[PDB]
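Student: Once you've had a glance at the structure underneath, I'll fire off some questions.
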Amino acid sequence: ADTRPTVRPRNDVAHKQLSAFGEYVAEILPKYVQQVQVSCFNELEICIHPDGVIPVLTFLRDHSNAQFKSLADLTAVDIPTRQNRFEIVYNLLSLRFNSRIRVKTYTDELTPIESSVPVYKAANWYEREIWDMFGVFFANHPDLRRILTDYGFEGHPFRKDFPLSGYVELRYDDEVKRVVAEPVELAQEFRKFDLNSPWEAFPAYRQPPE
Amino acid sequence: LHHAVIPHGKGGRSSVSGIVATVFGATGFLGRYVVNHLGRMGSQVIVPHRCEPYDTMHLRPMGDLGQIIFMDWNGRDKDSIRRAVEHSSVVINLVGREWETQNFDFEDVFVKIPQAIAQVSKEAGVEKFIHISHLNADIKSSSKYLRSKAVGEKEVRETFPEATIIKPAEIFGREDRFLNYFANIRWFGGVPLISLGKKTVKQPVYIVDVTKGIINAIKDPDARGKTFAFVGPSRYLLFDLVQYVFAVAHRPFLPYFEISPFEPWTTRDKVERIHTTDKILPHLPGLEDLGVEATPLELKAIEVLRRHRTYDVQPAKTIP
Amino acid sequence: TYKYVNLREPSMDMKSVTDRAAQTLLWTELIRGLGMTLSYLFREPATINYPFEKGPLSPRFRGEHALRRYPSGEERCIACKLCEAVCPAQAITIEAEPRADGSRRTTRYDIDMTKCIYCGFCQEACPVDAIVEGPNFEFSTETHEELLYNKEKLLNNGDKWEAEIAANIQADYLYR
Amino acid sequence: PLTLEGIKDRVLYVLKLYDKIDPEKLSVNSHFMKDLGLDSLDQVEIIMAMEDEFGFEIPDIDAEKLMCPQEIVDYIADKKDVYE
Amino acid sequence: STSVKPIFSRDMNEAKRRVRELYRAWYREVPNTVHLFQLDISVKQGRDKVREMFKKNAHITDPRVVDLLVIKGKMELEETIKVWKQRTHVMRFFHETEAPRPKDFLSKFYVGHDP
Amino acid sequence: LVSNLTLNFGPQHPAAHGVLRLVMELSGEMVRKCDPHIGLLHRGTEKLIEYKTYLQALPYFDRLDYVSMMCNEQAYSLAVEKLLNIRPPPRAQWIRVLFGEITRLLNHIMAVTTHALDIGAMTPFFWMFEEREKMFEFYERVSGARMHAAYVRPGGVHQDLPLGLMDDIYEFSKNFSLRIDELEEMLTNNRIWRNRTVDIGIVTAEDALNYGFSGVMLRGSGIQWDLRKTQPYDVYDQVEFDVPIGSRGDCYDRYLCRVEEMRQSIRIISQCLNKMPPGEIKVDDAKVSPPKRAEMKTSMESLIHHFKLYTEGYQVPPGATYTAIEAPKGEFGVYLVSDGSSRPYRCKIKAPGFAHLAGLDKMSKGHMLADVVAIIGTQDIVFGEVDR
Amino acid sequence: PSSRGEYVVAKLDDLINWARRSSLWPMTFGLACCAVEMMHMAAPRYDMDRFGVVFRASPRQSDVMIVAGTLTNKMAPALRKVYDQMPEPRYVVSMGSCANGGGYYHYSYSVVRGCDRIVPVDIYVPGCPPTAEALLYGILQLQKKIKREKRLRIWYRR
Ligand SMILES: NC(=O)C1=CN([C@@H]2O[C@H](COP(=O)(O)OP(=O)(O)OC[C@H]3O[C@@H](n4cnc5c(N)ncnc54)[C@H](OP(=O)(O)O)[C@@H]3O)[C@@H](O)[C@H]2O)C=CC1
Ligand code: SF4
Ligand code: SF4
Ligand code: SF4
């Protein structure tokens, strides 16, 4: 807390607790946890080897000091610049201790991740979505299939290399008396504005030379 | 070609083809496919009409934005005709009726109206033109529909000597009034009354086949001035067809309606065309010439009468 | 701090029970339900008479985009493309060339009233208060093409309503 | 009822139905891979055709060996269990 | 190194098994599909189309990929079996309305720019 | 499985919650399984936002839950503020709270009424919707748009409240509580309503946590959890209101909880009007808050910052975060990811109705077919955010 | 009595054109935010029912369809199916901006860029959402559009 209305007041106490709670999980499951980091806005991050999805998520759900009962969110972040392009992310809640932790893995198109449905029933559908939109496959999922896209969508939309306008646009044809599909044609193309400023914005995050 | 009509795109819905087509009597069964095919590739289309604008709505999805226009006109007037054809790269005449009214008899829709359109196109300097004649045209023919038709085939060949007159045989399709004519009209509430349909030979054609032919004709530069007829690939007998129809339609069969207001059904003169034989004209170029293959009636008769079929059928025997 | 919503214990005294027994066999609470409805019958309906009356609006209301002119008459827009670059739906198209007298002005200016989301960003980003949104909203059309407003249509609307657009902006430019 | 000869009969007739197979080269011991020279995909349809013809299931792993019409006769021997 | 986690099939010999298992699944379903949706193509046409999509993937070699291609097929079939799809979705494999796209060189040079 | 039926809401009835294609597996009269299909409204919002500026993307969050608009924008705003490392001015935090409660009134009125519309109870739909109309004006008189205000933005709000508004919101609040008492006089004590939502869709406390429920679903079965009390964001730490808690777990309690939350909103508004402070409405950091037109048309720096913030937007520090709020329906949050550019890299939207719908299968076990009407309604499912 | 053929047609044609517009039973497609306004338009303030426009009607006994909200590719086939089941006359009214040209989602792969592709629209109502009053203007406008129909006259002049 400080007397500056245009800045965000830091809460260091909660930040210290996460760092203290940091090694707590790094020591307990060192077979999987690769990297644990804490962000300045009080959010804990745990980096786990993909195999340890069940050992780590199952632990926090039930341990006597984690007690993360509810799964807040489950998604993936496509990143085509890495060998493991995709990157799962689990957001966990803890009513007892009133805190949230984020657990991340890494996979690709052809390396499935064990379904976490056994750990949480919440991920019954979130795992369908990730497969549906990104293409990652989940092993042992009770029922894996498309949840969002249209039937027979020959592609995985949310991948960064999937054009925004798709590949086929529908229309109704009288000759055949049924909706049809054709290669996409746009009356007006999507204008692609270039916004990046050519001057370094934040020196703190500067990536060192190569 | 004009600067604004140069081809552009990939021929999809919003691609520009360069064919500013003006279709007369597009509201009919044949037209809606021609409009749809023209709309498919995005060609500019003007559609004069006489009925309520409500009746033209179903054409709207068939065209992109600003590609379909719904003017007004009247056959008895030529001032209206000129507006719709002032800047058309081609003009198509599809007018016609299966019965006569107290306003426009057979001659008016088959002679003057086809002509009046032809002259204005010449006056306006239309570069091309298409005309739908009937395969069985002959001034000595019995069917006044045909006798009236036979007159039109001459003036159109005279007023617009380069107009590609086309003479298709009986056409069938989803909305056709030939296959649907036998199934419902002939039988419903009435036992078949075929007058010894043993000598007649009928060689109908598929509507899609005709539609593809017309477009190919527009593109071709050498098709100017010629004359074509479209006929299915397999000939048939009238009696054989009706019997086979009830197999697909699964209606009871027993081998062997007046003229009123509204749209009459089973008109006096319409009969003559059902009995009238399909002419054999081996010398006139047909569908196969337009890069179009006739689709056998066996393949496509299933869809049209599927609705007639309430809620493993040997195809009809052919006659050489 | 919480509270309990459904935790009442029915006292088992005869009188209380007789009430819950009285309620069932006499439908009293249902008779009460017919009461509230009866009252609303004799109230005054909140129905206004359209189109002879209108629903109250505010100066900030957002409606049909329009293009303004200075008091002299000149176009306010100077083709700065801020509105295009911010319209979230990319419903704005703009072109400009130096006019005869060498003044930056538009040549093609189009708003797609079907791609528009009526967000008000365009009037926020205009540095000269050229493109605004008038208080009009009754502009439904029978065809899609009519709802594609180009420069000529927008200018006419601005001239058409300018007697009111300024009146609203006058009362409200201070909050901005 | 058993007619181990019948097995030799229908199988030859059935493969006649398969349009790809030329009748002339068909034989009780014709070679699918080289004589007929069909596709491994095609022979799956044949196996399915036999299932309907003989009216019972045929495992896939077995089907990846019945490369000649005889083995349809031979393999079906144990399944039918006809010991002429 | 090539140490990679497999999905279902540890080698092509097992992987190719499900392909033949899958092909029968379609091959026996096309007759149902035509009647279920009341399509207007003979049972023969569907299987011929089915072979094409299987055939175009003959060049595949990766055990994982074939597992993936197979995994999609079951979903496509399951929707078809359960009638989750609709008459429209079934015919999207045949491309009726699409007019013949030219493919030889001189055809392209007369119509547009696409190579 | 005996006879699976594709119960469809595609021919949508007057409920205005979306279009739902439902595939079930009955056993005679009783339902035995369910399988909602939710792709029917997936527009791809989560993908377009990757092409917009953080400012341009704001209107999308308005169209996720199209009955809890300003609450949605607040959820997005907090996420950007958190990554920007700046705080909105104290006056802004009250305005946003002032409308969060008003929005929560809007949401519940839709939820309770339509939930009663589906069960044939039709009169309560209108009475309360009239108040929705009056509340729309407050939306309209501040932002000029009846529903999709986009009033709340990263850094506070856009325009200050007009004169005579707070003095008119007070008028609405004062008489409002009489409106609810009329509503309860036909739903709570009515025996027909009780027969439909008591012992129906009972959710066990442990399961609610496991499936990932939040909001009136969690608090409808005893669980004491409300992010307005444990993790306050703007000013909720500086107001007094009692989080209602049910015990039975059936639908009836959730109906009671929602009606009780609306009353607890009035107890808050009464405190927002009296405690509203003076000052500016947006962060006085021009690089994030575009200046008012007065300074833009007068000062040099004031113009440039109005020439970049409407063409390129504001850069955000690289990072990612998950921020959530007690939206009317339940927990709502976004996993925004920024890579340093003025456009978000990724934005996952945790729609509270997504989990509450997946759990419909669990809740629907062993209930008549007609009870799915009273089960879907009690969850307050709007398919705007289910599909996004 | 006396009257020419043209005159008697107009008056008895004027009747039906009045009946078919004084009593519209609109099917509603509440697909997105603009669904809410459709509810307000029926709410007490405007009371669309006061013009005879009833609130609910069986989709197979409708009189006009008001496409409200976005039209996803997945949901498109259902819309067309419903359209074909509407007995004639059937007037389709596009409501909002995502039901006209894709609105905010014009460039979304899974969005039908304008419902007009799937069906022929009669009245287009702009605004996302169109204020509950504007929508009412469209419905009133539609009745006039009906009032400018001359079926029988055209029939008498066939
Ligand atoms: N099945 C067949 O008969 C075959 C086709 N043809 C020819 O193809 C042409 C088109 O086929 P089809 O669509 O089935 O014919 P239609 O019966 O559907 O009529 C075609 C068009 O002509 C219009 N029409 C009728 N009278 C007039 C008039 N006085 N003035 C202007 N337009 C009028 C009709 O509009 P409205 O409905 O409002 O009157 C309609 O739009 C026919 O002319 C026919 O001679 C030739 C060989 C076989
Ligand atoms: S209101 Fe918004 S979406 Fe509409 S034209 Fe203006 S900036 Fe574009
Ligand atoms: S922001 Fe204003 S001045 Fe700039 S181009 Fe747009 S309308 Fe013209
Ligand atoms: S048209 Fe308007 S109400 Fe409908 S989905 Fe689009 S923005 Fe929402």
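Protein chains in written order, with PDB author numbering: chain C, 5 to 214; chain P, 1 to 256, 270 to 324, 333 to 341; chain I, 1 to 176; chain T, 5 to 88; chain W, 13 to 127; chain D, 43 to 430; chain B, 22 to 179. We put the CB at the ideal spot given by N, CA and C, even for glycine.
Please identify, using Cβ separations under 7 Å, the residues of the segment 30 to 52 of chain B that lie next to chain D, in order along the chain.
Tutor: Against chain D - using a Cβ distance shorter than 7 Å - the residues of the segment 30 to 52 of chain B are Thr49, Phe50, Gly51 and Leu52.
Student: Between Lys153 of chain I and ligand 3, is the CB less than 8 Å from at least one heavy atom?
Tutor: No, ligand 3 has no heavy atom inside 8 Å of this Cβ.
Student: State buried or exposed for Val75 of chain B, treating a residue as buried only when at least 16 other CB atoms are found within 10 Å of its CB.
Tutor: With fewer than 16 other Cβ atoms within 10 Å, it is exposed.
Student: At a CB distance below 8 Å, what residues from the segment 93 to 109 of chain B approach chain C? Give them in sequence order.
Tutor: The segment 93 to 109 of chain B vs chain C, Cβ under 8 Å: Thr93, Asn94, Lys95, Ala97, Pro98 and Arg101.
Student: Which same chain residues, not among the five before or five after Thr115 of chain C, have their C-beta less than 8 Å away from its C-beta?
Tutor: If we look at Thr115 of chain C and ignore the five residues flanking it on each side, its Cβ neighbours are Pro54 and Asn88.
Student: Are there 16 or more other CB atoms within 10 angstroms of the CB of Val123 of chain W, so buried, or fewer, so exposed?
Tutor: So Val123 of chain W counts as exposed.
Student: List the whole-angstrom C-beta distance separating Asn200 of chain C from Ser383 of chain D, where the pair is believed to meet the contact cut-off of C-beta under 8 Å.
Tutor: That pair is a contact at about 6 Å.
Student: Just how far apart, CA to CA, sit residue 3 of chain C and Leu33 of chain C?
Tutor: Look at the range of chain C in this structure, 5 to 214, and you will see that residue 3 of chain C is not part of it.
Student: Keeping to the same chain, check which residues put their C-beta closer than 6 Å to that of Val40 of chain C; ignore five residues upstream and five downstream.
Tutor: So the qualifying residues of the chain are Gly26, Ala30 and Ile50.
Student: Along the chain, where does the alpha helix (DSSP H) that runs through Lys271 of chain D open and close?
Tutor: From DSSP, the alpha helix (DSSP H) with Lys271 of chain D extends over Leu269 to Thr272.
Student: Give a yes or no on whether the C-beta atoms belonging to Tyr96 of chain D and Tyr356 of chain D are separated by under 9 Å.
Tutor: Yes.
Student: Let me know the alpha helix (DSSP H) ranges lying completely inside the segment 256 to 320 of chain D, each 4 residues or longer, listed in chain order.
Tutor: Runs of the alpha helix (DSSP H) inside the segment 256 to 320 of chain D: 258 to 261, 269 to 272 and 293 to 317.
Student: Round the Cβ separation of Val205 of chain P and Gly232 of chain P to the nearest angstrom and send it over; I've been treating them as touching at under 8 Å.
Tutor: 5 Å between Cβ atoms; contact.
Student: Check for me: the beta strand (DSSP E) holding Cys51 of chain C runs from which residue to which?
Tutor: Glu47 to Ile52 is the span of the beta strand (DSSP E), which, as asked, contains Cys51 of chain C.
Student: What does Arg195 of chain C reach in chain I if we use C-beta pairs closer than 7 Å?
Tutor: The contacting residues are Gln90.
Student: Which residues of the segment 156 to 167 of chain B have a Cβ closer than 8 Å to any Cβ of chain I? Give them in chain order.
Tutor: So the close ones are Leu157, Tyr158, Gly159, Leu161, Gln162 and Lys166.
Student: For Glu49 of chain T, go through chain W and note every residue whose CB falls closer than 7 Å to its CB, in chain order.
Tutor: Near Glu49 of chain T (Cβ distances below 7 Å), the residues of chain W are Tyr39.
Student: Nearest-angstrom Cα distance between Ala4 of chain P and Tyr209 of chain C?
Tutor: Spanning the two alpha carbons is a distance of roughly 54 Å.
Student: For the beta strand (DSSP E) that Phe50 of chain B lies in, which residues bound it at each end?
Tutor: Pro47 to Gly51 is the extent of the beta strand (DSSP E) around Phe50 of chain B.
Student: Is there at least one non-hydrogen atom of ligand 4 closer than 8 Å to the beta-carbon of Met48 of chain B?
Tutor: For ligand 4, not one heavy atom lies less than 8 Å from the Cβ of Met48 of chain B.
Student: Which first and last residues belong to the alpha helix (DSSP H) in which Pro132 of chain D is found?
Tutor: Segment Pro132 to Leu159, the alpha helix (DSSP H) holding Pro132 of chain D.
Student: Taking the straight line between their C-alpha atoms, what separation do you get for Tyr87 of chain T and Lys86 of chain W?
Tutor: Cα to Cα, the separation comes out at about 41 Å.
Student: So what does DSSP say about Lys29 of chain T, is it helix, strand or coil?
Tutor: Coil at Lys29 of chain T, not helix or strand.
Student: Nearest-angstrom Cα distance between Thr10 of chain C and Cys314 of chain D?
Tutor: Approximately 23 Å, taken between the alpha carbons.
Student: Below 7 Å CB to CB, which residues in the same chain sit around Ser406 of chain D once its five sequence neighbours on both sides are set aside?
Tutor: Closer than 7 Å at Cβ, skipping near neighbours: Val73, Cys76, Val414 and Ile417.
Student: Go ahead and label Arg186 of chain P buried or exposed: buried means 16 or more other beta carbons lie within 10 angstroms of its beta carbon, across all protein chains shown.
Tutor: Buried, by the Cβ-count rule.
Student: Please classify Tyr212 of chain D as buried or exposed, where buried requires at least 16 neighbouring CB atoms within 10 angstroms.
Tutor: The residue in question, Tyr212 of chain D, is exposed, as its Cβ has fewer than 16 Cβ neighbours within 10 Å.
Student: Mind listing, in chain order, the residues whose beta carbon lies closer than 5 Å to a non-hydrogen atom of ligand 4?
Tutor: Counting every residue whose Cβ lies closer than 5 Å to a heavy atom of ligand 4, we get B:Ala53, B:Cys54, B:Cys55, B:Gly90, B:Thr91, B:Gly117, B:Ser118, B:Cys119, B:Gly124, B:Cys149 and B:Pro150.
Student: Can you check DSSP and say which residues form a bridge with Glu123 of chain D?
Tutor: None, per the DSSP bridge assignment.
Student: Does chain I have any CB closer than 9 Å to the CB of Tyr294 of chain D?
Tutor: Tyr294 of chain D counts as touching chain I.
Student: Bridge partners of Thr93 of chain B, per DSSP?
Tutor: In DSSP, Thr93 of chain B forms a bridge with B:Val132.
Student: Just by C-beta distance, which residues in the segment 74 to 85 of chain W are closer than 7 Å to chain P?
Tutor: Residues: none.
Student: State the CB to CB distance for the pair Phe157 of chain C and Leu148 of chain C, rounded to an integer number of angstroms; the pair is presumed to be in contact (CB under 8 Å).
Tutor: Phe157 of chain C to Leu148 of chain C, Cβ: 15 Å. No contact.
Student: Using the three-state DSSP reduction, which class does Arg74 of chain D fall into: helix, strand or coil?
Tutor: Strand at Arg74 of chain D.
Student: Figure out for me which residue from B:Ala63, B:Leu92 and B:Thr152 has the closest Cα to the Cα of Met164 of chain D.
Tutor: Nearest of B:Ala63, B:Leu92 and B:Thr152 to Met164 of chain D, Cα basis: B:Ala63.
Student: Look up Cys389 of chain D in the DSSP assignment and give the residues it is bridged to.
Tutor: According to DSSP, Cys389 of chain D bridges with D:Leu378.
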